[PDB]
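Taken together, the values in this text are just the output of simple stated rules run on the coordinates, not laboratory data. Cβ: placed from backbone, ideal geometry, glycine included. Neighbour counts: every protein chain shown.
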C-alpha cells in the first residue's frame with residue numbers, strides 16, 4: 001500500500017509513480033466543481049473518460065482505444081454535495097471489471113469497463129489546478 | 001460496498017463515522033496546520049483508542065499508542081520525524097487487520113502492530129482549527 005499526491009494543471013496529464021490497478025483508488029480534488037478527468041493507460045488509451053457537461057445537464061463516461069473511435073458513451077444527469085474543503089471530490093475505484101465513480105459521498109456510476117489495462121497516467125482538462133491522490137497496492141495475494 | 005465519506009473535525013472534538021473502518025479500509029486526515037502538540041485518534045465504540053497518533057514537537061517525535069476505554073496507555077511507539085497537497089499534510093491510515101500503516105503525505109512513517117483490535121467508529125483531532133477526514137470504506 002502507498003499514497004501518492006499529484007498536481008494536475010488544466011490541459012495537462014501526469015505519469016503516475018505507482019500505477020493504479022484492480023483494487024486501487026484515485027480521488028481528484030477540484031475547486032472548479034466544462035471539465036473532464038481522465039485515467040489513461042500506457043498505450044495512450046482512455047480507460048475512463050469523465051466529462052462534466054453543465055449546459056447539457058449531464059456527466060459523460062466513455063473509453064477510447066490508442067487510435068480508435070470513442071465507444072459506448074454513458075450519460076448521467078447533473079442531478080448527481082460539497083467535498084473536503086472548497087473543492088468537489090471525484091473518486092474512482094478500479095474494481096477490475098468496472099470503474100466506480102463517486103462524486104463526493106454520492107456514487108454516480110458503476111461503469112462496465114470497455115477497455116482493460118492499468119492506469120499509469122492521469123489528465124485533467126479545462127473549458128486551474130486539480131490535485132489527485134492515488135491509493136495503490138491495496139490488494140494482497 | 002466501497003464508499004467515500006467526508007468529515008469536518010473541529011479541534012478538540014470527535015466524529016461518529018457513518019461507515020466504520022475495518023480491515024482493508026483507509027482513512028486520511030487533511031491538516032494544513034503542519035501547535036507543537038497535535039493528535040489524531042481512531043476510536044472504537046467502547047471509547048477505546050484503537051490508534052492514538054500524537055505529534056510532539058518540543059521533542060521532535062511522533063507518538064503512536066493504544067488504550068482500552070478503562071485502561072491505561074500502553075506500549076508507546078516513537079518515530080524520529082515531504083509535504084504538500086493544498087498547503088495541508090496528509091495523515092493516512094490503513095486498517096490492515098493486525099496493524100495500522102500510517103502515511104504522512106507520501107512517506108509511510110510507521111508499521112504499527114495493533115495493541116487493540118476492533119472497528120473504528122469514531123475519529124477526533126486535538127490542539128488549539130479544523131481538519132477534514134475522508135474514509136474509503138467497504139473495500140471488503
Computed label-point distance, nm, for sites residue A:42 and residue B:61 using a 7 Å Cα→Cβ extension:
4.5 nm
Bounding extents of the range A:8-78 in its principal axis frame from Cα atoms, largest first in Å, are 35, 30, 26
For the pair residue B:79 and residue A:53, how long in nm is the line joining their label points, each one 7 Å along Cα→Cβ?
4.6 nm
In vacuum, with every alpha carbon of the protein assembly as shown counted as one equal point scatterer, what does the Debye formula give for log10 I(q)/I(0) at q = 0.07, 0.10, 0.11 Å⁻¹? Two decimals, please.
-0.26, -0.52, -0.63
Estimated inter-spin distance, residue A:10 and residue B:13, nm [label 7 Å along Cα→Cβ]
3.4 nm
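Taking every pair of distinct Cα atoms and averaging 1/r, then inverting, what Kirkwood hydrodynamic radius in Å comes out for chain B?
That comes to 15.0 Å for chain B.
How long are the three semi-axes of the equivalent ellipsoid for the range A:77-123, computed from the Cα gyration tensor as the root of 5 times each eigenvalue, in whole Å, largest first? All intermediate terms of the calculation are to be shown ahead of the outcome.
Details: eigenvalues 97, 36, 13 Å².
Square roots of five times the eigenvalues give 22, 14, 8 Å.
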The range B:21-36 scanned against label point 7 Å out from residue B:129 along Cα→C-beta; backbone N under 17 Å for B:31-35
Can you work out the FRET efficiency for the pair residue B:111 and residue A:72, with r the C-beta to C-beta distance and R0 = 45 Å, to the nearest 0.05?
0.55
Counting other chain Cβ atoms within 10 Å of each Cβ in A:96-104 and taking the mean gives 1
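For the range B:53-102, just say rounded, prolate or oblate: build the C-alpha gyration tensor, square-root its eigenvalues into a ≥ b ≥ c, call rounded for a/c under 1.5, and beyond that prolate if a/b exceeds b/c, oblate if not. Don't skip to the end; give the middle numbers.
Working: a/c = 2.35, a/b = 1.41, b/c = 1.67.
Note, shape of the range B:53-102 comes out oblate.
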Compare the peptides B:84-92, A:71-79 by average per-residue count of other Cβ atoms within 10 angstrom and give them in order, highest first.
B:84-92, A:71-79
